[PDB]
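Protein sequence lines, in the order shown, are assigned to chains A, B, C, D and E. Take 20 as the starting number for the first sequence in this note's numbering and just add one per residue. Take 1403 as the starting number for the second sequence in this note's numbering and just add one per residue. Take 477 as the starting number for the third sequence in this note's numbering and just add one per residue. Take 69 as the starting number for the fourth sequence in this note's numbering and just add one per residue. Take 552 as the starting number for the fifth sequence in this note's numbering and just add one per residue. Each residue gets a CB set at the ideal place from its N, CA and C atoms; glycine is no exception. Read through the structure below, which is laid out as structure tokens, and then see the notes.
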Amino acid sequence: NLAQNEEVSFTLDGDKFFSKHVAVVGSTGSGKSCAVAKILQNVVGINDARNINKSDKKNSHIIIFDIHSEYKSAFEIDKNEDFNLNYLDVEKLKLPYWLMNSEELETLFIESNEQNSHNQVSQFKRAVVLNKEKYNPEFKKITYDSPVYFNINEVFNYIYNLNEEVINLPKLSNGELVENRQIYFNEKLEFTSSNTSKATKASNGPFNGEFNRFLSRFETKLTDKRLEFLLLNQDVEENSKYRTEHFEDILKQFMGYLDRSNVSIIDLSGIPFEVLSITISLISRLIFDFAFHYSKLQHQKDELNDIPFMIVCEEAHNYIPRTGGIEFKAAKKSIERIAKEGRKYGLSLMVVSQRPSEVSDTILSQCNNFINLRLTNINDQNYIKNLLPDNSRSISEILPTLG
Amino acid sequence: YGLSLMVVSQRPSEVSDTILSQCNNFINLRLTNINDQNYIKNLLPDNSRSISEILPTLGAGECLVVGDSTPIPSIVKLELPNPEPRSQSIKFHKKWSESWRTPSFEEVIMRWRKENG
Amino acid sequence: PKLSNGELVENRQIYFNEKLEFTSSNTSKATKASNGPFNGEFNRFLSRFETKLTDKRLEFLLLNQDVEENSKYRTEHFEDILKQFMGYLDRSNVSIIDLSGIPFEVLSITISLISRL
Amino acid sequence: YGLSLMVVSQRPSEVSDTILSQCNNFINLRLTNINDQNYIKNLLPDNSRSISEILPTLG
Amino acid sequence: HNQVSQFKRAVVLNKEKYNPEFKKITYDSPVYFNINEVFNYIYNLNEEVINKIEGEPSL
């Protein structure tokens, strides 16, 4: 209802509002979360804690990137009204680590708080691609960026075979002269000493004595409970139940199609600050790929997307900052991917934030609708007023005077 | 060498000045951004800086022409093209008014990889 | 440079045809080996370069010459190409260049190429 | 997280602007430096600019 | 740059040696690291001499 007159009903053009990006910024105390929740209940069909869409389930799609777990009650209703919510907390989230491109894998495993040693990134890359090839023989082209299943434990055991003491033709001190190195992944293995010689050379490995602390940090990662949502600890059966043929199931639970939930909250409260960007980028990349393939498949029949996706980004000033370090590179890349393109393939981003003066302009300059609440910071006011397509003596004077 | 430019932009304030200043003739439609207003005012010749104040008020289908080719600035009404230009954009609201429609979510994943990758 | 099999390479030009395996660094005198000036300095460069080559959405650039029949194109495959942009093949008077499906990170490069041509 | 700031200074033009802008309420005593008064005026909420002209006079 | 790298390396080494139980020994970790042997570590790096006699490895 209009602020000036409470009897007149105020309405917009819905087809021109959600189909394009919207920026939602403001300040604490003005109910910015209040406005977001009201718009969300209006669009999904929550009215007076009751679902209008009882008999039939409307095709409303929403995925939310939550960092507080302060939006669950915005859609948690009594069960009798049949409005299910796909609550994806840190515990229930299942994101395989083998659908993960080169940069993300390297940043997750290889990158450390120190300076890396030579011939470490290359060796790990070779181990991962070789294990991908070994586990997936059916697939023709297997590369470092190929999303195919592999075991991180086998790669660790390969790096655990740092201790080569018998070769600088194979000379391995397993059995007598074992040739194939594929047994490296199966077991940790034990070799003999260097105080011996034969027809060939029996001295230290070319990589000998250079991965030691890399094994220390790496195995520390392999036994991390906070990172349990990557299915990293593959020893347990449930972590190994998901395979290349199971890429289907892990993606339904993002779309909520496993439980036909119109709203899919992805609660990222327990995600470590070191792996948050990788998670955001992976989810964004897979959503964009799904939308791209889905749209391109339907061009043959001469119609566009049937299931549009709507993504909201709770305080996105963190992972797409205006200025920042290398921590949030992949998240920025993926959010830019869905920002610049996604109108063609059926994707819309309603980014929400508290500080719009600290969010990257490469994503803020593309929202065709804005709902800004009360502002207290002057640079916030100036930046918002400059970004707004229409501001003529009536929009530039109201931002601080809001209630 | 037979190359001249004509620029089409929603926000003239963001296009680099290295080209917009090279334009001699202008087709100015309705504008609602003060920065665009001022930037256009600055680039326009002084002969129309008085009539240039009408830019926030051009009705639908009306454009203001300023430059050398026209003898004097004028407001020209433009006839609709035939066939009309249309973009196959997706509007989200009607697709959200329908029931749940499964993608069958199999052939898309098959299309992810053309043969094997 | 010394190969793993021991054959010294006199011409580096063999690198073009295939990849080659080398020997290991040794501090002794009978088989002394030293790392090259560019040893291990292109690992991230190589990874990103393979990532760019293996992209399926960038097929218009014809980057996968190794397995596809994209090596057919030559210096001989030429100005009949140029006439496609400008429309002399079908005698089209309007050269519309749609760039909706082009991925965003290669849009500027393609625009620059067409403009310079 | 349960931590807040109540900033105290005599030269607001010298304190970094990226914390003073975080302050929501103000306790303004007499100010005699014009460069500080202009800053405190520009940082204040709009409803208080008219009443803020008392700062040089408060005693 | 070399000073920063050497100092952080020495601090990490001392922190790891004196705190074996902790795993993610980082340069910001609030664990004990004595400065006398860090200064000594810089001293010995500044005065180290490598042996290049043939046969034995260069240590």
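7 Å Cβ cut-off: residues of chain A touching residue 92 of chain D: 395
Ordered list of alpha helix (DSSP H) runs contained in the stretch 309–372 of chain A, each at least 4 residues: Correct list: 348–359.
Endpoints, beta strand (DSSP E) assigned at residue 526 of chain C: Per DSSP, residue 526 of chain C belongs to no beta strand (DSSP E); it is in the alpha helix (DSSP H), 519–529.
Identity of the residue in C:527, C:521, C:522, C:483 nearest residue 1519 of chain B by Cα: C:527
Distance between residue 386 of chain A and residue 90 of chain D (C-alpha atoms, nearest Å): Straight-line Cα distance between these residues: approximately 27 Å.
With 16 other Cβ atoms within 10 Å as the buried cut-off, status of residue 353 of chain A: buried
CB of residue 1427 of chain B within 9 Å of CB of residue 1471 of chain B, strictly: Yes, the pair counts as a contact, with Cβ atoms nearer than the cut-off.
CB of residue 304 of chain A within 9 Å of CB of residue 49 of chain A, strictly: no
Endpoints, the beta strand (DSSP E) within which residue 53 of chain A is located: Residue 53 of chain A -> not in any beta strand (DSSP E); alpha helix (DSSP H) instead, spanning 51–63.
Helix, strand or coil at residue 1509 of chain B according to DSSP, with G and I counted as helix: helix
Contact set between the stretch 125–156 of chain A and chain E, restricted to residues whose Cβ is under 8 Å from the partner: 132, 133, 134
Euclidean distance between Cα positions of residue 80 of chain D and residue 337 of chain A: 28 Å
Cβ-based contacts, 9 Å cut-off: residues of the stretch 104–126 of chain D near chain A: 110, 111, 113, 114, 115
Min CB distance residue 193 of chain A to chain C below 9 Å: Taking 9 Å as the threshold, the shortest C-beta distance from residue 193 of chain A to chain C does not fall below it.
Chain A residues whose Cβ lies nearer than 9 Å to that of residue 578 of chain E: 132, 133
Chain A contact residues for residue 527 of chain C, given Cβ-Cβ distances below 9 Å: 120, 121, 122, 162, 163, 164
Extent of the continuous alpha helix (DSSP H) to which residue 150 of chain A belongs: Element bounds for residue 150 of chain A: 140–154.
Exposure of residue 200 of chain A, with buried meaning 16 or more beta-carbon neighbours within 10 Å: Flag for residue 200 of chain A reads exposed.
Contact the stretch 562–570 of chain E vs the stretch 579–589 of chain E: 3+ CB pairs below 8 Å: Yes, they touch.
Contacts of residue 1511 of chain B in chain A (Cβ-Cβ under 7 Å): 266, 267
Proximity winner among E:553, E:602, E:588, relative to residue 620 of chain E (alpha-carbon distances): In the structure as shown, chain E begins at 552 and stops at 610. Residue 620 of chain E is therefore absent and cannot be evaluated.
Endpoints, the beta strand (DSSP E) within which residue 106 of chain A is located: 104–107
Residue environment, residue 332 of chain A, which counts as buried when at least 16 other CB atoms sit within 10 Å: Burial check for residue 332 of chain A: the Cβ neighbour count within 10 Å reaches 16 or more, so the residue is buried.
CB contact check: residue 1487 of chain B to chain A, cutoff 9 Å: no
Inter-stretch contact (C-beta, 8 Å, three-pair minimum) for the stretch 296–303 of chain A and the stretch 334–349 of chain A: Short answer: they touch.
C-beta contact flag for residue 43 of chain A and residue 367 of chain A at 9 Å: no
Reduced DSSP category for residue 283 of chain A - H, G, I as helix; E, B as strand; rest coil: strand
Three-state secondary structure (DSSP) of residue 69 of chain A: strand
Within 9 Å, strictly: CB atoms of residue 1500 of chain B and residue 363 of chain A: Judged by beta-carbon spacing, residue 363 of chain A lies beyond the 9 Å limit of residue 1500 of chain B, meaning their Cβ atoms are not closer than that value.
The stretch 95–114 of chain A in contact with the stretch 246–262 of chain A per 3-pair CB rule at 8 Å: yes
Nearest-angstrom Cβ-Cβ length linking residue 1442 of chain B and residue 1457 of chain B, presumed shorter than 8 Å: 7 Å
Contact set between residue 102 of chain A and chain B, taken where Cβ atoms lie within less than 7 Å: Simply none; closest approach about 13 Å.
Given 8 Å, three or more beta-carbon pairs between the stretch 264–274 of chain A and the stretch 53–67 of chain A: Touching, no.
Length at least 3, wholly inside the stretch 1414–1462 of chain B: the beta strand (DSSP E) runs in chain order: Fully enclosed beta strand (DSSP E) runs of 3 or longer: 1428–1430.
Residue 83 of chain A - DSSP class collapsed to helix/strand/coil: DSSP places residue 83 of chain A in strand when its eight states are reduced to three.
Members of the stretch 79–90 of chain D that neighbour chain A once the beta carbon cut-off is set at 7 Å: 89
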